[PDB]
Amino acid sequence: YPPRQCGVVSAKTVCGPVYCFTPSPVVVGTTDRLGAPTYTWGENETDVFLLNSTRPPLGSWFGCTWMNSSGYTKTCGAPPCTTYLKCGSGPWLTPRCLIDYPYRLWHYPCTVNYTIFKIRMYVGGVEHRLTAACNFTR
């Protein structure tokens, strides 16, 4: 599960890339004051990630995953409730399957032995070619 919906993440609490999940993995760039006038900026801050989004049918990404400045895997996603199109909240298509991406093994080390296979998914008239990693734990 995702702890909470996606909000604004100031750049320096993040270490490494911020991957958000439209079905196809995507890396999100930062934004300065000119790009977020309504964010209550602090004089410490210069750049932030705007991760707010509804589900990609109408929004941008189902969810996002990055790593804390302290080295901790943090995730965000849409509120929980065509399998993953209504209830997706991150890279997890099902409770057993996540979307593969170059940083999956660091963010999610427990998925080392998952089997991977290529799938396709239509979202909003756009086809997404994905690799999925799957299977159980005892």
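Numbers for residues come from their place in the sequence shown, where the first is 1.
According to the PDB entry, the deposited sequence contains 10 or more residues between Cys81 and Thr82 that lack coordinates.
Stretches 101-109 and 66-74 differ in mean CA B factor, with 66-74 having the higher one. Judged by mean Cα B factor in the deposited record, 40-48 ranks above the other of 40-48 and 57-65.
Remark: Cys15 belongs to the highest third of its chain, ranked by C-alpha B-factor as recorded.
Ranked by C-alpha B-factor against the other modelled residues of its chain, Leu34 falls in the middle third.
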